[PDB]
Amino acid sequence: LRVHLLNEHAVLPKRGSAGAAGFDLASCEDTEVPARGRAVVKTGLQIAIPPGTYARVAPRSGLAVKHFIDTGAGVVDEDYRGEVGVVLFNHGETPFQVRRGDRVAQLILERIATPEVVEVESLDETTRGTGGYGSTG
């Protein structure tokens, strides 16, 4: 995970334990996420990631449970070289305060497949088929 810090308030990502899935992402700014609203939180970070992954901006559990916070968007492509902004949603009834250095998300390097697309004129099945939504219930 290659990381270039873009200002002096940016914080280098790091996983909080050796079995942690994600790298902590901190705000490099003072801002607020409005109640029942969204805001983009600047991190001051540029990143370059390994082949065969994308970086997912994932939620921190404590902020979800305690402040009704989620990340929105969050699909950071391998070819993305701009500043990472964390899109926060606040579903709660009161503003969420963000200050410099505060951890606001966690970056997970999801392994993915990016094969060619093949258009076909029919597809077979398994047993499960158009097995929709509540396929079993």
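Note that residue numbering follows the sequence shown and begins at 1.
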statement: Looking only at C-alpha temperature factors in the entry, 98-106 or 53-61, the higher average sits in 98-106
- line: The stretch carrying the higher mean Cα B factor in the deposited entry, 84-92 or 37-45, is 37-45
task: Report the third (lowest, middle or highest) to which the CA temperature factor of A18 belongs, ranking only the modelled residues of the same chain.
output: highest
field: Where the record places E29 (Cα B-factor, split into thirds across the chain)
entry: lowest
task: Ordered by C-alpha B-factor within the chain, which third holds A10? Give me lowest, middle or highest, please.
output: middle
statement: Of the three thirds of Cα B-factor ranks in this chain, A113 occupies the middle
